[PDB]
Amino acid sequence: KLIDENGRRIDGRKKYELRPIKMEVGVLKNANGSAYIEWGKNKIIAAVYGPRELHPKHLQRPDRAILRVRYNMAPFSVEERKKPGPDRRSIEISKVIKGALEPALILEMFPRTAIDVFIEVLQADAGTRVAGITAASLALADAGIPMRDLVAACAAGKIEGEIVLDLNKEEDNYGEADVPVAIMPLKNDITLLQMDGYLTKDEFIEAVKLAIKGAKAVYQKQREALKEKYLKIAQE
């Protein structure tokens, strides 16, 4: 009551429209690479260090860097103030973002090292994990880390009987399914795929196809954020 009408959604988006997305790379001095993203009401910052000295050693891998990811929401990012510190949700998101970024990375290039991805959600409005993945790729590119592709991500979802792109909080709260997807778009390699909800097979596949188009759309934004950095560097 009523998330689609007519056939406009609450903020005015058609079924297959994305929320306004802005992205900036190079927002932090300390981080090796960093990116900032406003995707809706999402405001997410992503930082990468380095490749660097893994501690502790016994973690090192002899042939490759490891990727460590930490997704965290600031207490003030959600409507109900969230007690600081991770929780089960943020730890599974870290895990799945890791599993999202790792296949883009050429980790055997930096043996015995860690590459550390931090994702801080400053404001949260559904889709933080896809937004985070997206800023994370850009922060990885920003860090000068060889990647086979960027990873772009985007969720699709089912609201009021209907498959839609890029759920907002409200629509995910009242929705019937949420399907984030991350891909490396050059090869259409799906590196994240989750489905929370209830869906038929053909509902689920359409959601995947759709969130991927959202992901390719996001990817164009990503490249444009890198272009804009490679123009900004080009002085002098």
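So that there is no doubt, residue numbering starts at 1 and follows the sequence shown.
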Mean C-alpha B-factor comparison - 126-134 and 153-161, higher one: 153-161
Stretch with the greater mean C-alpha B-factor as recorded in the entry, comparing 43-51 against 169-177: 169-177
Member of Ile190, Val27, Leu59, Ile37 with the greatest C-alpha B factor (per the PDB record): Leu59
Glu120 - Cα temperature factor, lowest/middle/highest third of chain: lowest
Chain-wide C-alpha B factor ranking for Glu92, given as lowest, middle or highest third: lowest
Record-listed C-alpha B factor of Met73: chain third: lowest
Third assignment of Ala65 from its chain's C-alpha B-factors: highest
Among modelled residues of the same chain, the CA temperature factor third for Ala100: lowest
